[PDB]
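Okay, here's what each chain looks like letter by letter:
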Amino acid sequence: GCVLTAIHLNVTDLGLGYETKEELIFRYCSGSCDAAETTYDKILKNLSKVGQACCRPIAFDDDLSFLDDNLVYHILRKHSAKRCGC
Amino acid sequence: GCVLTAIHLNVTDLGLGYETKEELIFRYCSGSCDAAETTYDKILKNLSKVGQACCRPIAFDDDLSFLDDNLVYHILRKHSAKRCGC
Amino acid sequence: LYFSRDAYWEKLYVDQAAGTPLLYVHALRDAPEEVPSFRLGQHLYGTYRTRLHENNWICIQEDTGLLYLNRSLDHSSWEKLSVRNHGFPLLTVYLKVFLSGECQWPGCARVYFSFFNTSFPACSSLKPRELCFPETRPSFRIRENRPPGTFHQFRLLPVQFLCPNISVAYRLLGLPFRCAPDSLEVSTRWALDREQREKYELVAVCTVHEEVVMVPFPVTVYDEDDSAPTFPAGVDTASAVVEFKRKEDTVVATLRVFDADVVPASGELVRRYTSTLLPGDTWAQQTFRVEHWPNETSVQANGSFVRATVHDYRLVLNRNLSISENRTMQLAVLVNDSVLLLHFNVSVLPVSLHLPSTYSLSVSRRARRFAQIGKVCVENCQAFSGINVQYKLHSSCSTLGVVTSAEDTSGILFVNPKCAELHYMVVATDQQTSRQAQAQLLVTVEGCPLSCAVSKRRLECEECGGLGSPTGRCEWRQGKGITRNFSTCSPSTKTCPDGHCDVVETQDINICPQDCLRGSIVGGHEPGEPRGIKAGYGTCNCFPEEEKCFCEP
Amino acid sequence: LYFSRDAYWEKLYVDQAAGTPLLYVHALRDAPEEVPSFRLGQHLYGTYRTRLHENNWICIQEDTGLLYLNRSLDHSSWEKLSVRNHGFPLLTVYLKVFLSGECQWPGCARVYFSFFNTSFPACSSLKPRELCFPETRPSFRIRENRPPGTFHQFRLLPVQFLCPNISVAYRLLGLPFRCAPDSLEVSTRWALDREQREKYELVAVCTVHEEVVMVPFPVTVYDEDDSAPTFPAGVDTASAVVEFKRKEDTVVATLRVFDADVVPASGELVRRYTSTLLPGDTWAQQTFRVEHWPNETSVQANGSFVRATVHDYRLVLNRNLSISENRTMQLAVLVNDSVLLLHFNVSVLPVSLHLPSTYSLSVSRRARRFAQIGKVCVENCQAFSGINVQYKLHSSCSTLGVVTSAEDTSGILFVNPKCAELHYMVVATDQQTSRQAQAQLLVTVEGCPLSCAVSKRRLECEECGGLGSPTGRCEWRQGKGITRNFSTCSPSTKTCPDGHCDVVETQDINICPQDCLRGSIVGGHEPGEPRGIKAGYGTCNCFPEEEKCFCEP
Amino acid sequence: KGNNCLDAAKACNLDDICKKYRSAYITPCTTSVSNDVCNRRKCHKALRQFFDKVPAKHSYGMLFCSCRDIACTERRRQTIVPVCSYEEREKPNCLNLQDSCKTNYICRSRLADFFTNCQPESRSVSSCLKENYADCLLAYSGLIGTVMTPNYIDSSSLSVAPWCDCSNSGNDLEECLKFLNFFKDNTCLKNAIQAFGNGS
Amino acid sequence: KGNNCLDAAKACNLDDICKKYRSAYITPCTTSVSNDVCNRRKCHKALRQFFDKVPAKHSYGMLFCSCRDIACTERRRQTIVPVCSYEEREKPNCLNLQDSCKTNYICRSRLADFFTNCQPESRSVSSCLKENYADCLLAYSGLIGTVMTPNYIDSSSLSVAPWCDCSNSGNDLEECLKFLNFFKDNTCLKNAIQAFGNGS
Ligand SMILES: [Ca+2]
Ligand SMILES: [Ca+2]
Ligand SMILES: [Ca+2]
Ligand SMILES: [Ca+2]
Ligand SMILES: [Ca+2]
Ligand SMILES: [Ca+2]
Ligand SMILES: [Ca+2]
Ligand SMILES: [Ca+2]
């Protein structure tokens, strides 16, 4: 279902506008769930383009930070995950 | 966003196959969210027909149960909601 | 001395005279010596048995049991009482009549009075419907086999006492009931018995002046222990041979006894109908018992459906017998009724433990753990009930394994390097007797999720195997709404999607969950009565590590 | 008596003779009476100052300060020591030279020796580059204004002691430095002063046999307190009038003093350059102080860039002065240097509290609470610094309200039934002096989320109003990457999306959050240095009840 | 058109308190356990807490919905599930059911109430007092959930009965019927049912 | 092609422990507070815990990435943020910086280590012992994060310096330069930098 997957990326590939080239190792949660799992969702499917369950994290990791070109450090809190859930 | 809405229905309109006509008051969660709300979802939108956030509940209510025609009671657990979230 | 009825009805009005007769009473006789004495009560009991005031207005004749006013009735008396009436509308007070606390038959009979706001109405305002009998009908109650006598008198005493100029006549319709002319006492000629007839709803004929009136007349006839136990037309004793079951309890032999009474009712039936076991060997007290429960039935005897009891006696086992018992006895039973003789030929035969020795079977080597292959069965398969025949597998390469299922005491064998023929000397033991046997197996060998229930589609079940497979793969069963024919990718197509949860399926909680999970299925379901599915909607697939299944199309 | 240098270098070899001279030493004179005595140390100190063994091989002449071997050097001695060398390669040991602990100039001078595995090399294996001077160059250190003398001697003593058949000559290049013929002592004729020249990097000329060699020769000249404080060409005393600020501290007047020395360095500058405040009224000690910090500069005096100190003296306020002070004094300062006279004309003038009395303004009646409309200003707007001029609003209908902002001490007025003209007698008070004033306001009146920052688009901000609106609606400001020009639906287009968080914006936490929230913005951001935004990517909208904003395109 | 019973069900289940304690009396009555069909004890406990806590106009509607066709009378009898809660394998004798109620506290409370309340005496107007109807009502519907459970038999009328008969009675038979038809043919209780089913 | 510094950054940030305590020395150095530009004290504390906990081959790579073009030498100087952590408004005198290090425990540890380690004595082979390089390394990079912070000045060479000069010195000037150029022109430390930047 909602499972863990590590990846390599650039902070330029985060694309927040920070002027650097430095990188990171990023761990995300992917894969859909069972799409009903209670009576209430069955009745939501009966009543209705907004809909069923999602994949999210259940906690967050420690920080990720770096230097840009222009003389300045940049910080990131709440950016990548450890454990995944519906 | 994902908000609360009460409704009147029949248990026949639940359509689980129970042989009755008795009813209920059902409270659901409707309305989509802000569709990005993190860098990770921006990069998911960059990479990709499966997609962005949903509307779900955050808890469940107390039980809902009844009688059918044929001499038999029927129970329901986990069927309707109190509070709604992305 | 008992009362022919229980409750008496008569009406009062304002300013009636003293000495104005109300009613006669009647008391029957169980013996000719029985002289009915009569006396009154004291307090006018009101609605919801409220004592109201000392009755000083009324006297009685013991000799006839005649009620008559000594004092007269007036609005000072009837508003003195209607305040005590607790704010309720007044139309009923009553008294007690003892003849030799709470008033009941046969010691007592309560007599009512229904007062009205008006006084005594005139003779022309009285319709002939209410000149013959009062409205609330009597209920006559006679015991059988008594000194026969008189139980009823006709005349409305205020009516003829204050309107005597109307000629009023009363009579009755091979019946012992007769009405005398010139004296309106109702009598019975000879004594009744229930065992011939038991219901007499006759008609009393009234004649006014002109109108003739017909009224009901119910008589209930009682019963006695004038009967001893009796066989049902030449059936004295049955017998059978204790053969196969040997459970802790099983009904063996059954006899019927006809006592023609009803009278020892279902409460004091413990005290009289005792199944006295006549002794013998004390081993029968270890191993047998006599159960006795009645049921009462009706029969035509002289045109009425007279009822009585049927007393059945049963021999039920008392313990789980061993195999090797070979004995015989004759067990006698005395029967009380307040005394018949019964017996039973009871013989115990032992059972041979001869398992079929030579039998062979082929096993696909691709099979997974807990794989159902073959049935080991003793010579009497569907017949043992209280014997623990346990299967031991001595071997002479570990692939197979047997545990006896406690249902059939039969063996469903399971899976617990160039070795494609083996030798399993199957040893068939017992626990309560050390007697075992053994037999020869000549087993011939012929060369994705964890469980099967996680599967969802047809080819998803057929192209992939689970944990308990004797074939390597699982098997899809496929069959209205909330019904026992549901569908699942089940392992054991005669044992998994089945309705029984055996010891093949319950060792580790992955094998066959539809019949053996303890979760909570979401869906249009109906819970399996041990556990699991009794019914489920659409498709039903399971995720057992979360201990949960789902029914959803 | 001080040493012309600090560290001395000479080489040793195996089996050199006793009485073999190593080096002369030199010690300068601060007085002509100063007789340099010389004695040696005791332990051969090794690498990382490790005592190795008692030096018994070497004696000295105090009179010339000549080092020479009393005993000879052999492999029994140099493997006795190289084990004590802690497993490190041996090329450097040293001693101490006291002249009248840790060895330092001018009490001591440490002398090195660089031993080699070979013995003394022959005369033809010595290139004329290493016959003149050793490799590690000397560093000559002379104090100015001394009895001038001799500080250096040329001859390599093992070279001529064991290869005397090579004619070797040494000389030097209006300089007091001279080299005598037939005696190779280097002398200085007259005494030096730093204040004329301070750097002498000359060249000593060596002649072998044929090769002539040129070498460096650095001399550092020191300094004294031969100088008293001095004015910078006719600048004695400044003055100013204490006018507007009246902060706790502000520099008022500034003077420059030139003492031509360097010698009282930055450590003991507290002990000598004391700003002695000459007394007067004690009110100046309540209200003023004299700060003194140096900075050292260089100047051309006779072709070199001779450096000295610059001593500035400043008058800085000591407390928040009141308004009504009207006085004058002449504050004198004595200056020490180990003594100059300074003063300051200091006059305090009071400030009038004449607010402009008659002023009118129009207010749209649709405006919301905390609505910025107009500026109240005292007669000297951008000029007060340490005076708490607080605004009180006496009225004679509650729509408007004023609180003084503590930045400008100016009034930004806010919103806290057929009444469309009012009268607000604006009362301008102070806290430290009871002096107030008052003035006349003739205010003329002319007939969706909670905050503005929750808005997201252009017309979404322009077609809907928030909490702090003077116009009823909000206002969209719209302006690269992580930059201070960001965009928001801000209330106060000169005060909300601004960079300052005033008391207009901070009463209840809904008004202008971009400059005043305390949250944590997600996005390419750069935090506002008090709080809030300094920069944010794309579009930035806020949700203040969760105390959070977002920057996202 | 439906009937009065489904509309009374709409009346109960729309209030969430009636619905929640409805599920309270539902749950142990229909989870079948090993070698039973339900638990009788928990089910009856939960019916008693339903007919004590939740107020009148929801429950007495569904219990006393006036009927005009036959499936109404079915559901009229259905009101407490005979199959788990009222029926058993056997009917005992009615005095046995009376003393087994007499070994129960709350049962004897409801039975003394019913002796008190729906009594058909001499000639008042509708065989009752017409304002002790509710006490009549809180008698019968009071009797629900203890061991003496009344329920309908005659779908075509309003004659209720418990789970016994006057078999095996002997001498007390008529007294049995004096008890038994007291549930079966009461003019006062039938007037109360008709009055509550007309809309009183 | 990049340079050695971005690849050494790839070397550090791929290990998550180097990255986590990287963010530890990042965070208080660049959240600007009211009337400062950062906190110097928390920032230097966090640099010290970074250069104590995380092992060698990540950090000394980025700090000692050998340079061939000018933005490399920029980032070479950039290694500890002068603007918040090394630069201030003023340079004091170097003996003042020495005694202010002498009022600091860990600083004096690193300074006595650097006195011990990268010493350019008489003629060994590469002005060092070549296997006390790491002790040379754990001297200089040891000195990071206390009040005596060395950093680069000459981008075109390897001459490092702290935040002082020999102004206001008077008599101790040359001794000052004896100290000062000890950071600036060390043959042993420059041989160690070249050796670590060739891949030792
Ligand atoms: Ca008889
Ligand atoms: Ca008899
Ligand atoms: Ca008998
Ligand atoms: Ca099964
Ligand atoms: Ca001088
Ligand atoms: Ca001087
Ligand atoms: Ca001086
Ligand atoms: Ca602002």
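Residues numbered from 1 in each chain as written, not as in the entry; some residues may be left out. Chains lettered and ligands numbered in written order. Heavy atoms only, no water. Residues with missing side-chain atoms left out of burial classes, pairs and counts.

Going by the header, the method for this PDB entry is cryo-EM, and the resolution given is 4.4 Å.

### Let's talk about the overall build of chain A
To be explicit about the condition: Secondary structure counts use DSSP, requiring at least four H or I residues in a row for a helix and at least two E residues in a row for a strand, with both numbered from the N terminus.
In terms of regular secondary structure, chain A is built from one helix and six strands. In terms of its C-alpha atoms, chain A occupies a principal-axis envelope of roughly 55 × 25 × 20 Å.

### So, the overall build of chain E
Our working rule: Only C-alpha atoms enter the radius of gyration, while the globule expectation follows 2.2 Å times N to the 0.38, with N the number of residues. The contact criterion used throughout is that any non-hydrogen atoms of two residues lie within 4.5 Å.
Counting its regular elements, chain E contains 11 helices and two strands. Its C-alpha atoms give chain E a radius of gyration of 17 Å, near enough to 16 Å, the size a compact globule of 200 residues would have. By principal-axis analysis of the C-alpha atoms, chain E measures approximately 50 × 50 × 30 Å. The contacts of chain E with a sequence gap of at least 6 include a subset with a gap of at least 24, amounting to 73%.

### A few points about the sheet that holds strand 32 (residues 437-445) of chain D
Residue and element names in this part refer to chain D. We apply this condition: Strands pair, by our definition, only if DSSP identifies at least two bridges between them. Simply put, an axis is a line fit to the C-alpha atoms, just over the touching stretch for a helix, and the angle between two N-to-C directions goes from 0 to 180 degrees.
Reading across the sheet, the four strands line up as 26-32-31-28 and stay open at both edges, with mixed pairing between neighbours. Both outer strands of the open sheet, strand 26 (358-363) and strand 28 (389-395), are each paired with one neighbouring strand and no more. Strand-to-strand twist of the sheet, defined as the mean angle between neighbouring strand axes without regard to direction, takes the value 30 degrees. In the sheet, strand 28 pairs with strand 31 (residues 424-430) via seven bridges, with the strands oriented antiparallel.

### A closer look at helix 1 (residues 4-14) of chain F
Just so we agree on the cut-off: For each residue, the accessible area found with a 1.4 Å probe, counting protein chains only, is set against the maximum for its type, and the residue is called buried under 20%, exposed over 50%, and partly exposed in between. As used here, the arc belongs to the directions running from the helix axis to the C-beta atoms.
Of all the residues in helix 1 of chain F, the buried ones are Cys5, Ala8, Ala9, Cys12 and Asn13 of chain F. Angular distribution of buried residues about the axis of helix 1 of chain F spans 130 degrees; they occupy a single face of the element. Its buried side turned inward, helix 1 of chain F meets strand 2 (23-30) of chain A together with helix 2 (16-26), helix 4 (56-63) and helix 5 (70-77) of chain F.

### Section: the coordination of the calcium ion (ligand 7)
All names here are of chain D. Test applied: Counted as donors are the N, O and S atoms within 2.8 Å of the metal, or 3.2 Å for Na, K and Ca, while water is not among the atoms, so some sites may look incomplete.
At this site the calcium ion (ligand 7) is bound by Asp225 (OD), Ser227 (O), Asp259 (OD), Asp259 (OD), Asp261 (OD), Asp337 (OD) and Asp337 (OD), with donor distances of 2.1 to 2.6 Å. All donors to the calcium ion (ligand 7) come from one chain, and their sequence spacing reads D-x1-S-x31-D-x1-D-x75-D. With a gap of 32 residues between them, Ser227 in the loop between strand 18 (211-221) and strand 19 (239-242) and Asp259 in the loop between strand 20 (251-257) and helix 4 (269-272) connect regions that are remote in the sequence. The residues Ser227 and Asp259 share a single accessibility class, namely buried.

### Re the packing of aromatic side chains
Residues and elements named next belong to chain D. Selection rule: For this analysis, a ring pair means two rings from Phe, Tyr or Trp (six-membered ring only for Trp) whose centres lie within 6.5 Å, classed as stacked if their planes differ by under 30 degrees, edge-to-face if by over 60, and tilted for the remaining angles.
Following the criterion strictly, the structure yields 80 aromatic pairs over all chains and no others. Residues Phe140 and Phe151 carry aromatic rings whose centres are separated by 5.1 Å and whose planes lie at 70 degrees to one another, so their mutual orientation is edge-to-face. Of the two residues, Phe140 sits in strand 12 (residues 140-142) while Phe151 sits in strand 13 (residues 150-153), which places them 11 residues apart along the sequence. Exposure remark for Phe140: the relative accessible area of 3% places this residue in the buried category.

### Quick word on the arrangement of the chains
Between all nine pairs of chains that are in contact, chains B and E come out with the most contacts. Nothing in chain C touches chain D; the tightest C-alpha to C-alpha distance between them is still 36 Å. A gap remains between chain C and chain F, with no contact made and the closest C-alpha atoms lying 33 Å from each other.

### Side note on the UniProt feature "disulfide bond" in chain E
All names here are of chain E. This is how it is decided: Whenever a pair of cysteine sulfur atoms sits within 2.5 Å, that pair is classed as a disulfide. UniProt positions are given in the numbering used here, feature names are shortened, and annotations may be inferred rather than shown by experiment.
Formation of the UniProt-listed bridge between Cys12 and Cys18 is supported by an S-S distance of 2.0 Å, under 2.5 Å. Its relative accessible area of 0% is what places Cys18 among the buried residues. Judged by the 2.5 Å criterion, the disulfide between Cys101 and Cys107 that UniProt reports is present, the sulfurs being 2.0 Å apart. Comparing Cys101 with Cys107, the two get one shared label, buried.

### As for the sheet that holds strand 23 (residues 305-317) of chain D
Residue and element names in this part refer to chain D. An order of 20-23-22 is seen for the three strands of this open sheet, with the pairing classed as antiparallel. Because the sheet does not close on itself, it has two edges, and the strands there are strand 20 and strand 22 (288-300). Strand-to-strand, the axes of this sheet are offset by a mean angle of 20 degrees, without reference to chain direction. With five bridges joining them, strand 20 and strand 23 adopt antiparallel strand pairing. By the bridge assignment, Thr254 is partnered in strand 23 with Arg314.

### Remarks on the coordination of the calcium ion (ligand 2)
Residue and element names in this part refer to chain C. As a reminder of what qualifies: By the criteria applied here, four donors are tetrahedral when all angles lie between 85 and 135 degrees, four are square planar and six octahedral when opposite donors are over 155 degrees apart and every other angle lies between 65 and 115, and any other arrangement is irregular.
Around the calcium ion (ligand 2), the protein contributes the donor atoms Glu144 (OE), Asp223 (OD), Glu224 (N), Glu224 (O), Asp226 (OD) and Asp226 (OD), at 2.3 to 2.9 Å from the metal centre. Classification of the site at the calcium ion (ligand 2) rests on its six donor atoms, whose angles at the metal span 48 to 166 degrees, yielding the label irregular. A separation of 2.9 Å is found between the calcium ion (ligand 2) and the calcium ion (ligand 1), both of which receive a donor from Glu144.

### Here's the deal with a negative patch on the surface
Condition: Patches were defined on residues exceeding 30% relative accessible area and lacking a salt bridge, with like-charge contacts within 9 Å and nonpolar side-chain contacts (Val, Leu, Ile, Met, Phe, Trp, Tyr) within 5 Å. Residue-level accessible areas treat just the shown protein chains as cover; the underlying method is Shrake-Rupley with a 1.4 Å probe. By definition here, a salt bridge exists when the distance from a side-chain nitrogen of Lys or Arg to a carboxyl oxygen of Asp or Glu is within 4 Å. Under the counting rule used here, the positive set is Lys and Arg, the negative set is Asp and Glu, and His together with the chain ends is not counted. Where a charge sits is defined by one atom per residue type, namely NZ (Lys), CZ (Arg), CG (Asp) or CD (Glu).
On the surface, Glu37 of chain B together with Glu545, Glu546 and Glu552 of chain D cluster together into a patch of negative charge. If you trace the backbone, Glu552 of chain D turns up in strand 38 (residues 548-552). We classify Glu552 of chain D as partly exposed; its relative accessible area is 36%.

### Here we look at the packing of helix 9 (residues 133-140) of chain F against helix 11 (residues 187-198) of chain F
All names here are of chain F. Put simply, the test is: Angle categories are assigned with fixed cut-offs, so that under 35 degrees is roughly parallel, over 145 is roughly antiparallel, 65 to 115 is roughly perpendicular, and the rest are oblique. Each residue receives one of three labels: charged for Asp, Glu, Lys and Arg, nonpolar for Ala, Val, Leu, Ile, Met, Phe, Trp, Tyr, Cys and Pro, and polar for the others, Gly being one of them.
As a packed pair, helix 9 and helix 11 sit with axes 10 Å apart at the nearest point and diverge in direction by 105 degrees. It follows that helix 9 is roughly perpendicular to helix 11 by the angle criterion. Contact residues: helix 9 offers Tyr133, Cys136, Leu137 and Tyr140, while helix 11 offers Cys188, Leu189, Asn191, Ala192, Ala195 and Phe196. For the contact of helix 9 with helix 11, the class distribution of residues is nine nonpolar, one polar and no charged.

### Section: the pairing of strand 2 (residues 23-30) of chain B
Residues and elements named next belong to chain B. Within strand 2, six of the eight residues are buried, which leaves the element mostly enclosed by the surrounding structure. Here eight bridges tie strand 1 (residues 3-10) to strand 2, and the two strands are oriented antiparallel to one another. Looking at the pairing, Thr5 lines up with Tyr28 of strand 2.

### A word on the state of the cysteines
A full pass over the atoms with the stated rule returns 51 disulfides over all chains. Between the sulfur atoms of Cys33 of chain B and its disulfide partner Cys86 of chain B the distance amounts to 2.0 Å. With the S-S bond torsion at -115 degrees, the cross-link from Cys33 of chain B to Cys86 of chain B turns out left-handed. Residue class for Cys86 of chain B comes out exposed when judged on its relative accessible area of 59%. Paired through a disulfide, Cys128 of chain F and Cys188 of chain F show a sulfur-sulfur distance of 2.0 Å. Of this pair, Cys128 of chain F sits in the loop between helix 8 (105-117) and helix 9 while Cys188 of chain F sits in helix 11, and the two are 60 residues apart along the sequence. In this model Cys59 of chain C remains outside any disulfide bridge; the closest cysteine sulfur is found in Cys108 of chain C, 18 Å from its own.

### Points about the environment of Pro147 of chain C
Structurally, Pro147 of chain C is set in the loop between strand 11 (140-142) and strand 12 (150-153). Excluding its chain neighbours within four sequence positions, the residues that come into contact with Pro147 of chain C are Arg29, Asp30, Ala31 and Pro32 of chain C.

### Here's the deal with the interface of chain E and chain B
Selection rule: Take the accessible area each of two parts loses on contact, using a 1.4 Å probe, and add the two losses: that sum is the buried area.
Tallying the contact residues gives 23 residues for chain E and 22 residues for chain B. Of the roughly 2000 Å² buried where chain E meets chain B, counting both sides, 58% is carbon and sulfur surface. Sorting the residues of chain E by area buried against chain B places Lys19, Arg75 and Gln78 of chain E first, and these three jointly supply 25% of that buried surface. On the surface where chain E and chain B come into contact, there are three salt bridges. Breaking the side of chain E that touches chain B down by element, the ones donating at least two residues are helix 1 (4-14), helix 2 (16-26) and helix 6 (82-86) of chain E. The element best represented in the side of chain E that touches chain B is helix 2 of chain E, accounting for seven residues. Here the residues of the side of chain E that touches chain B are counted per class, giving 10 nonpolar, seven polar and six charged.

### Structural notes on a nonpolar patch on the surface
Residue and element names in this part refer to chain D. Residues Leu173, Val203 and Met214 make up a contiguous nonpolar surface patch of roughly 350 Å² in combined accessible area. Its location among the elements puts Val203 in strand 17 (residues 199-208). For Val203, a relative accessible area of 30% translates into the label partly exposed.

### Concerning the UniProt feature "disulfide bond" in chain A
Residue and element names in this part refer to chain A. Below 2.5 Å lies the sulfur separation expected of a disulfide, and the 2.0 Å found between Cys2 and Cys55, a pair UniProt records as linked, sits within that range. The pair formed by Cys2 and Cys55 is uniform in burial state, with each residue classed as buried. With 2.0 Å between their sulfur atoms, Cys29 and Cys84 do form the disulfide that UniProt assigns to them. As far as the burial class goes, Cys29 and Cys84 line up, both buried.

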